[PDB]
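Take a look at the structure below.
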Amino acid sequence: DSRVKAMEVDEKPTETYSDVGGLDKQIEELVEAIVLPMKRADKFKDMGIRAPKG
Amino acid sequence: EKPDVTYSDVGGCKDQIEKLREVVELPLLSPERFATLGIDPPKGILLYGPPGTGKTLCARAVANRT
Amino acid sequence: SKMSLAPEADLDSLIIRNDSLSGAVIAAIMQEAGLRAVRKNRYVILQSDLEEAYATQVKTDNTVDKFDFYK
Amino acid sequence: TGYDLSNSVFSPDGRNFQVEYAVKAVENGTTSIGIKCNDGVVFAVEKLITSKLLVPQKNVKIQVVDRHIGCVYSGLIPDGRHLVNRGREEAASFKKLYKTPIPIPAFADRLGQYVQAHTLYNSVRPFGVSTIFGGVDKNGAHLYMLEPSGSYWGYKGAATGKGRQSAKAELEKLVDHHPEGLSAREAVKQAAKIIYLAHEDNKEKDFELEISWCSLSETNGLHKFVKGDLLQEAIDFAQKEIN
Amino acid sequence: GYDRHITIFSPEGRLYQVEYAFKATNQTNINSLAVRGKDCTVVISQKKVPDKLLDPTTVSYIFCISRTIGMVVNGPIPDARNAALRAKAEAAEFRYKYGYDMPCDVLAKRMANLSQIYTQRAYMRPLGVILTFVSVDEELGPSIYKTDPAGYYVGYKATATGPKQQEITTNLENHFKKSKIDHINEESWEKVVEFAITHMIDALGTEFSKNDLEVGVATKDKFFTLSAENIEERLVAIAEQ
Amino acid sequence: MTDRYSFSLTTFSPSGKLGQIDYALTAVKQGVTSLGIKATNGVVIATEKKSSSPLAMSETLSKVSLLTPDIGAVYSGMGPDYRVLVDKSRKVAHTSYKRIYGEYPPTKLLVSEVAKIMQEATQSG
Amino acid sequence: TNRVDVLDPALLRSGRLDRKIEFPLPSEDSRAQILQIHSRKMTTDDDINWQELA
Amino acid sequence: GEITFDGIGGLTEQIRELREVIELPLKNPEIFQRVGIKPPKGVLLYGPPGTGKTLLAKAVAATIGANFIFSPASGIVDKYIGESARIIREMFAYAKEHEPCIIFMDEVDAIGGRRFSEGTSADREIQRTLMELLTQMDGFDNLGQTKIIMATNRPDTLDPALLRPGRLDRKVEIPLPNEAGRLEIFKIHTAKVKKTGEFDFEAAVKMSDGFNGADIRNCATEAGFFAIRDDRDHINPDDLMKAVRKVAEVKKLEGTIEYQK
Ligand SMILES: Nc1ncnc2c1ncn2[C@@H]1O[C@H](COP(=O)(O)OP(=O)(O)OP(=O)(O)O)[C@@H](O)[C@H]1O
Ligand SMILES: Nc1ncnc2c1ncn2[C@@H]1O[C@H](COP(=O)(O)OP(=O)(O)OP(=O)(O)O)[C@@H](O)[C@H]1O
Ligand SMILES: [Mg+2]
Ligand SMILES: [Mg+2]
């Protein structure tokens, strides 16, 4: 459908997670939840854990 | 399509009428002065109070002038 | 009359305890009497399976004039 | 909606809702445990150091009743203190008529009967505290924990507070390790261990540990505060274990 | 709404408020059975043991009132002890005021009346307890009285209370048809406990070890409950027979 | 503790009649039946007995009682409000006719004492 | 979300949103850091002490 | 996602109750002929959310091997109206042809609206699509080779015509796993993964109760993240104790305490 094709990436410029003042710990947990079970999907498969759905 | 309430219509010469002119009118007529400071120009402004003071009387005024 | 039961099993006890029932809730309890029997494997619908299917799927039901002191 | 509003009105299904709500208040409080021993009983509570401005060992939450019954509580902290008054009034009343300190099972019953009143009527509020109180008399040691409902039970051990779960599992394992009842002298040490573990939960603000004991063998049935050298040996013992 | 919050009539004519006490009861799920012997009464109930951290003695839903009257409670335990308190007070009192100890029936009456005075006042909640008195009067022999938070009460050959009490009643109705008479013909009180535990295992289908039973026995001018060892003596006699 | 139903719980309907009085009869209509026939030289009163089980022996409960030795009484409606009502009656018959005239009350007078209880159970909050 | 207390009790649970992460108000450090992140773009002087403002 | 007999460990008694209704008259209809009760049909599953109502549906569709049709109820409402009636009529015919057949209605909270029909016109699309499921299930029509298994969260949405026994023989409540029916759930999910040699669970889980099966499999996911920080290949008994205290905490963020019928 045409609403979903617009929702698709358009490359929004990053603001960078280092320019977001304070809140050090919140960046790590977010990185733990979304970014690292995509890239390192071998170490979840050796261990035998599932990836957090969201 | 351009209201007819003009900008001197509003009462007093309050400093509050110039704050309407410093959030909306001024950064769009000259974005040269808010580019030298570096600030993100303030974009919002709330008009609130008891009735009878013209919340819609100064929002028509600013639609004629800007 | 369709299904099989022992003459030990008697339906008349169940008639007088509860006084609100619909016809569909009498088609289920007999379903539930012949499934408890199916766990014993006793072909005849005993008085233990018939009394145990009644005590299940009756709920709080305290509306019946029984759970009272207005008498 | 209207059973939620009310006090001391039975729900359709039959429960009082404000008894259930009163439980919430117990889980907001800090950790406290009792441990029943072969000799007597040990009490202990986690006292949070919520600022650098508090003074050490001056804002004690352990409070005796008479001179043989330790009391510490969890729930709303004013509301605790007023039940430690009520207790005193009944304690003292018994000593006038029958000239002897009150027996520990009896101390339990009357204390409970007060809590019970505030669920009878709608006009005062159900008390928002879960208490530990106990001590030794002639029958021996007794431990009790009183719930906002108005119920107590006897126990080999009991605990309360936000870190009750972490203490409950070690407390089984102190019924297995020592099935005949450890000495109360050993149990100063064992008490500290169980606070230092249930502090990960409330690891937000650092703590200060407080123990006390009442036993027939050590203190001659006189409830006291563990202090000085004996308090130092238990602190360094649980600290180096859990690190 | 506001009709059912206090204790006034509904538009129908039922006092639904009282009937919410009835369902307040079954939260512990202790079954109990009592029966009339020739000269002794038995009452038995299930001992629920929720943990291993709790001391098992305190767990008890049998209360002694006096040197005659035992009272079994089925309901929440916060109300139970307020129930036994006000019983103790009155039972004591009656000896002083009237010259002899209070008979079974008389106590059942006063506890009904008290429960009724909480039904009219719009600021006392009714107690949720069902109480079962057991005693042995001089005149009326073994008696049992079953009382209820409405204020209603009657005499009984043998009664039960608990979530599964319909199963248990129907056993008793078979048996007091076959006896054709009021009570179990049995002089020894020990041998009435045997016959109770058999018709409880029938009904719940579930066996009982010496840490699931509470057994109270009433005799003439003495009321006692039974120790862990003596529970296991009446259970060894069933099993070796 | 503090009663806060000091105010009355009965009030007139914006259509006239007291709402709770009317309800209270509908509860009497549910009850057990009973009857009374006045004859020339006696009265007969009689009721049935409604139990829960044949385990419940209903002999022990009495629904017909004596107030005085000459005035009996029978009821329909709420079982517990009969238990206390008869007690209240016996007791205030004695404290208003046993002391002050010796003899048990005439039958009109005792009826009227009972009637004062009822009215009043509606006036107080 | 801004308010979490009105989220569905089968949307709020595991198997579905595995992690439930909280974004606390900037403490001292966070506060100080923020004021530094916007003031950076704009013109600064040696006078500005971001600890005085935090 | 299949799995064989096992589903919710610790509730193998409840697994037999669903087979009494489905697998026993399917294989051998000779046991229900002799007893004389009309064959059953209809099962409702309801409990605290996060409990694996859904895992059991996979267990009874794999093993029996009869034709399975997984029809989400919100996945047959379409823009066109009268088209959500004609489809679902054709499916009951379909289950008679391909017998024996089982129709799993999943998330029946969508078409669980009651009488209403004073609000929006969408509320009358429900009621018209629901009347057709009512006379098709019970009317003159009575299809003998169809079985229905219905999964619903809150079992009080339902219109009072779907609460109604004789539509629906067994009304199964799945309980928050028991005392050691949370511990039977934990012993199959710590087999899969690498453990140091961990058996210290036993107290620790029982004291972290209040746990749905979906919060038991979140604690092994959180005990393999505490491990990834240390750079471990196995779960310490310290990572497990960090996770159970963490799962409960976040799981307490919300909670109606959904009280069953
Ligand atoms: N400050 C003013 N100076 C001159 N005239 C004013 C002023 N404020 C209000 N008025 C006069 O009053 C008239 C009506 O007021 P107006 O309708 O603007 O009130 P409002 O502030 O929009 O209140 P609300 O929106 O709550 O009803 C205007 O058209 C104008 O003639
Ligand atoms: N009994 C169990 N045994 C093993 N795993 C389970 C069990 N119960 C739940 N799970 C896990 O929880 C996950 C999601 O649960 P499921 O979706 O089956 O629950 P539900 O009751 O259907 O909840 P909802 O439909 O509200 O989303 C499963 O995919 C599985 O990992
Ligand atoms: Mg305006
Ligand atoms: Mg599902």
Q: Please enumerate the residues belonging to region D:160-189 that are part of a loop (DSSP other than H, G, I, E, B) and among the acidic types (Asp, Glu).
A: D:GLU180
Q. In region E:148-188, how many residues are assigned to a loop (DSSP other than H, G, I, E, B), facing chain F (nearest Cβ under 8 Å) and closer than 21 Å to E:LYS220 by Cβ?
A. 1
Q. Any idea how many residues of region C:18-47 are of a type in the set (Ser, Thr, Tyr) and facing another protein chain (nearest Cβ under 9 Å)?
A. 2
(Q) I need every pair where a residue in region H:46-73 that is under 19 Å from H:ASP6 (Cα atoms) and more than 14 Å from chain G (Cβ to nearest Cβ) has its Cβ under 8 Å from the Cβ of a residue that is more than 15 Å from ligand 2 (Cβ to nearest atom) and of a type in the set (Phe, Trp, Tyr), sequence separation at least 6 or different chains. (A) H:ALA61/H:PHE68
**Q.** Filter result (out of contact with any helix residue (DSSP H, G or I) (no Cβ under 7 Å at 6 or more places or on another chain) and surrounded by fewer than 17 Cβ atoms within 10 Å (Cβ to Cβ)) within region E:205-224
**A.** E:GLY205, E:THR206, E:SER209, E:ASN211, E:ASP212, E:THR219, E:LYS220, E:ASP221, E:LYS222, E:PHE224
Q) Taking into account only those residues within region H:108-140 that are in a helix (DSSP H, G or I) and among the aliphatic types (A, V, I, L, M), which is nearest to ligand 3 (Cβ to nearest atom)? A) H:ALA122
(Q) Condition (residue is among the β-branched types (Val, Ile, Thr), away from ligand 3 (no atom under 16 Å from the Cβ) and under 13 Å from the mean Cα position of the chain (by Cα)) applied to region H:87-99: is it met by at least one residue? (A) no
Q. How many residues are surrounded by 14 or more Cβ atoms within 10 Å (Cβ to Cβ), in a loop (DSSP other than H, G, I, E, B) and either within 16 Å of ligand 1 (Cβ to nearest atom) or within 12 Å of another protein chain (Cβ to nearest Cβ) (or both) if we restrict to region H:169-187?
A. 1
Q | Residue count, region H:182-232 (criterion: within 16 Å of ligand 4 (Cβ to nearest atom) and either without any contact (Cβ under 8 Å) to a residue 60 or more places away in the chain or among the aromatic types (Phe, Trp, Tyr) (or both)) | A | 1
(Q) I'm told H:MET105 meets every condition in (1) under 17 Å from the mean Cα position of the chain (by Cα); (2) under 21 Å from H:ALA73 (Cα atoms); (3) part of a loop (DSSP other than H, G, I, E, B) except one. Can you identify the failing condition by its number? (A) (3)
Q: Check region B:24-37 and report whether any residue there is more than 10 Å from ligand 1 (Cβ to nearest atom) and in contact (Cβ under 8 Å) with a residue 40 or more places away in the chain.
A: yes
Q.
Which count do you get for residues in region E:127-145 that are surrounded by fewer than 22 Cβ atoms within 10 Å (Cβ to Cβ) and either facing chain F (nearest Cβ under 8 Å) or part of a loop (DSSP other than H, G, I, E, B) (or both)?
A. 5
Q. How many residues are closer than 27 Å to G:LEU35 by Cβ and either more than 14 Å from ligand 3 (Cβ to nearest atom) or surrounded by 13 or more Cβ atoms within 10 Å (Cβ to Cβ) (or both) if we restrict to region B:45-66?
A. 1
**Q.** Within region D:1-117, helices (runs of 4 or more DSSP H) holding 2 or more residues that are surrounded by 14 or more Cβ atoms within 10 Å (Cβ to Cβ), over 16 Å from the mean Cα position of the chain (by Cα) and polar (S, T, N, Q)
**A.** D:104-117
Q: Taking H:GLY166 as the residue in question, decide whether it is more than 14 Å from chain C (Cβ to nearest Cβ), out of contact with any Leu (no Cβ under 6 Å at 6 or more places or on another chain) and either under 30 Å from H:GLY113 (Cα atoms) or in a loop (DSSP other than H, G, I, E, B) (or both).
A: no
**Q.** Filter result (within 14 Å of chain F (Cβ to nearest Cβ) and of a type in the set (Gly, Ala, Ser)) within region D:79-132
**A.** D:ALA117, D:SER123
Q: Please enumerate the residues belonging to region H:34-58 that are in contact with a helix residue (DSSP H, G or I) (Cβ under 9 Å, 6 or more places away or on another chain) and either more than 16 Å from ligand 2 (Cβ to nearest atom) or over 17 Å from H:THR152 (Cβ atoms) (or both).
A: H:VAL35, H:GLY36, H:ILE37, H:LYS38, H:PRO39, H:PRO40, H:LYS41, H:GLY42
Q.
Being away from chain D (no Cβ under 13 Å) and more than 30 Å from E:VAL106 (Cβ to Cβ) is true for just one of E:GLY13, E:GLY70. Which residue is that?
A. E:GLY13
Q. Could we say that H:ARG154 is surrounded by fewer than 13 Cβ atoms within 10 Å (Cβ to Cβ), part of a loop (DSSP other than H, G, I, E, B), charged (D, E, K, R) and out of contact with any helix residue (DSSP H, G or I) (no Cβ under 6 Å at 6 or more places or on another chain) here?
A. no
Q.
So for region C:44-65 (the condition being touching a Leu at 6+ places or on another chain (Cβ under 6 Å), of a type in the set (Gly, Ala, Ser) and surrounded by 12 or more Cβ atoms within 10 Å (Cβ to Cβ)), does at least one residue qualify?
A. no
Q. Can you pull out the residues in region H:24-42 that are within 12 Å of chain C (Cβ to nearest Cβ) and in contact (Cβ under 8 Å) with a residue 12 or more places away in the chain?
A. H:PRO25, H:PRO39, H:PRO40, H:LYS41, H:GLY42
Q) Of H:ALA93, H:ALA61, which residue is within 16 Å of H:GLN145 (Cβ to Cβ), part of a helix (DSSP H, G or I) and either away from ligand 2 (no atom under 16 Å from the Cβ) or of a type outside the set (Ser, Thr, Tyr) (or both)? A) H:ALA93
Q. F:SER52: out of contact with any strand residue (DSSP E or B) (no Cβ under 7 Å at 6 or more places or on another chain), without any contact (Cβ under 8 Å) to a residue 24 or more places away in the chain and exposed (fewer than 14 other Cβ atoms within 10 Å of the Cβ), yes or no?
A. no
Q. Which condition breaks for F:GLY102 when tested against (1) within 21 Å of C:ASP65 (Cβ to Cβ); (2) loosely packed, with under 10 Cβ neighbours inside 10 Å?
A. (1)
**Q.** Test: residue in region B:37-44 that is surrounded by 13 or more Cβ atoms within 10 Å (Cβ to Cβ), within 27 Å of G:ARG40 (Cα to Cα) and out of contact with any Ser or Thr (no Cβ under 8 Å at 6 or more places or on another chain)
**A.** yes
Q: Just need a number here: residues in region H:188-215 that are within 14 Å of chain A (Cβ to nearest Cβ), of a type in the set (D, E, K, R) and not in a loop (DSSP other than H, G, I, E, B).
A: 3
Q. Got a sec? Which helices (runs of 4 or more DSSP H) wholly within region F:8-125 have at least 2 residues that are more than 15 Å from the chain's Cα centre (by Cα) and under 30 Å from E:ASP3 (Cβ atoms)?
A. F:19-30
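Read-outs: derived from the displayed coordinates by stated rules, not from any lab. Neighbour counts run over all protein chains shown; Cβ positions are idealised from the backbone, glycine included.
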